[PDB]
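Inspection log for the structure reproduced underneath, given as C-alpha cells.
Each residue takes its place number in the sequence, starting with 1. As the structure lists them, so they are numbered: ligands from 1, and atoms in each ligand from 1. The figures here come from the full heavy-atom set of this structure, side chains too, leaving out hydrogens, waters and symmetry mates.
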Amino acid sequence: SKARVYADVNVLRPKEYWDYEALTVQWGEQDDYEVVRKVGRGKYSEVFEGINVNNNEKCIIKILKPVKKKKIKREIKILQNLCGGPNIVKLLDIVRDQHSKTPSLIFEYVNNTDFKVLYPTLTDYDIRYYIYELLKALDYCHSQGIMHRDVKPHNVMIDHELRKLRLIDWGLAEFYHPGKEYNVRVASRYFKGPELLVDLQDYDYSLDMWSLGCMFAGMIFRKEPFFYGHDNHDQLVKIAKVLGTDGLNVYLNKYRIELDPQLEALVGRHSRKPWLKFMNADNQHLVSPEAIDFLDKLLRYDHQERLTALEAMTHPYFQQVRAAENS
Ligand SMILES: Brc1c(Br)c(Br)c2c(Br)n[nH]c2c1Br
C-alpha cells in the first residue's frame with residue numbers, strides 16, 4: 001500500500017527535514033514561563049495555562065512525563081516543521097528543569113471550551129465550520145509529509161468566541177515514507193482505523209480521515225463516541241456492525257490480510273446499517289443528505305477509498321463555509 005497523495009514529500013525534501021533523530025534541541029529558559037493553573041492531563045503529559053514573565057502573555061505549558069530521547073525529538077521536529085501552518089498549534093519554546101531534566105513544551109495559548117459541553121450547543125453551520133478548519137490542519141500536515149495519528153475531540157482546541165481551532169498533541173505523529181511499516185498502536189481506541197485494528201502496518205495519511213469521520217459522526221448524530229468498543233477487538237466489532245462484514249471481507253482479501261481466528265470469531269457476520277438509522281429527534285436538525293454523503297465517503301474500511309483532506313474540503317457539504325471565506 002501507498003498514499004494516493006503527498007507520497008513523495010519526504011523523498012524530495014532534504015534528509016534534515018524528516019531525520020528527526022539528528023535534531024539537537026535548543027533549550028530555552030525555564031524561568032521565562034510560570035504555571036498559572038492545570039488545565040489537562042493524559043498518559044504522557046500534564047498541561048497548564050501559564051505566563052511568559054517577560055511579556056506577560058499567556059501560554060500553554062506542557063510538562064512531559066519521562067520520555068525517550070527518540071520520541072521527544074520526533075514530537076519537537078514535527079512541531080517545528082508544521083509551526084505556522086493553518087490551524088496547527090504553535091510551539092514557542094522548549095525548556096527543562098535543571099535538576100530533574102523534566103522537559104516542558106511551551107505553546108501559544110488557546111482559550112478552549114470543553115468539547116463535551118461545546119459540541120451539543122454547536123449549530124449545523126458551526127459543525128460545518130469547525131470540521132472545515134480541522135480539515136485545513138490535516139491537509140496541511142499531510143502536504144508536509146506528516147500523519148497526526150491521534151485525531152479526536154480532545155486534540156482539537158476550539159476558542160469558540162474568536163471562532164478559532166488548533167490541532168494539538170503531535171506526540172503520536174509520524175513522517176510518511178512510501179512502503180514504511182508503522183506501529184499500529186496509535187490513535188485512541190474510538191478513533192482507530194480498520195487498518196490499525198487488522199494489523200495493516202503500511203498505512204498512510206488516510207488513517208486521520210477515518211478518525212475525522214468518527215469525530216464527525218459523533219457530532220451530527222450526537223453519539224459520543226460513535227463507535228464505542230471496550231478493547232481493540234471489540235472496536236473492530238462495533239465498526240463491522242455498522243459497515244457490515246461483506247465490505248470487511250473484500251478489504252481483507254484486497255490487502256491479503258487474515259484476522260486472528262479469535263478476532264474473526266468475534267466479528268461474526270453483519271449486514272450494513274444505513275446511516276439514516278442513526279437519526280433521531282435530538283440530532284435531526286444536524287443530519288442532511290450532504291452530511292451523510294460526506295460521512296459515507298470518510299468511513300470506508302479501505303483506507304485507499306476515503307476522501308483525502310483536500311477532497312473533503314471541496315465536498316458540497318462545505319459549500320457555505322467556502323462561500324463565506326471567499327467573500
Ligand atoms: Br497545546 C494545548 C493547548 Br494550546 C491547550 Br488550550 C490545551 C488544553 Br485547554 N488542554 N490541553 C492543551 C494543550 Br496540550
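Protein heavy atom at the shortest distance from atom 7 (C) of ligand 1 is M157 SD, 3.6 Å. Here the heavy atom of the protein found nearest to atom 12 (C) of ligand 1 is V47 CG1, 3.5 Å. At the top of the distance list for atom 6 (Br) of ligand 1, counting protein heavy atoms only, stands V110 O, 2.9 Å. In terms of protein heavy-atom proximity, atom 2 (C) of ligand 1 is nearest to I60 CG2, 3.6 Å. Of all protein heavy atoms, the one closest to atom 1 (Br) of ligand 1 is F107 CD1, 3.6 Å.
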For residues 272-279, tabulate all N or O donor-acceptor pairs below 3.5 Å that involve a side-chain atom, not counting sequence neighbours.
residue	atom	partner	partner atom	Å
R272	NH2	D296	OD1	3.0
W275	NE1	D296	OD1	2.8

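In this structure, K77 forms no cation-pi arrangement with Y20, as its terminal cationic atom is not both closer than 6.0 Å to the ring centre and no more than 45° off the ring axis.
With ligand atoms numbered from 1 in the order given, ligand 1 contributes 1 (Br) to contacts under 4.0 Å with heavy atoms of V89. Taking every non-hydrogen atom of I168 and a distance limit under 4.0 Å, the qualifying atoms of ligand 1 come out as 1 (Br), 2 (C), 12 (C), 13 (C), 14 (Br).
Ring planes of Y205 and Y176: tilted class, angle from 30 to 60°.
Shown are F216, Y132, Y130; of these, the ring pair (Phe, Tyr, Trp, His ring centres under 6.0 Å) with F318 is made only by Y132.
In terms of the side chain to side chain donor-acceptor pair (under 3.5 Å) criterion, residue partners of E46 (sequence neighbours excluded) are, by chain and number, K38.
Atom 4 (Br) of ligand 1 has its nearest heavy-atom neighbour, among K38, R166, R41, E108, in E108.
Between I220 and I292 the shortest side-chain heavy-atom distance falls below 4.5 Å.
By the neighbour-count criterion of 12 heavy atoms within 6.0 Å, atom CZ of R13 is densely surrounded, having more than that number from other residues, nucleotides or ligands.
Residue contact check for ligand 1: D169 places no non-hydrogen atom closer than 4.0 Å to it.
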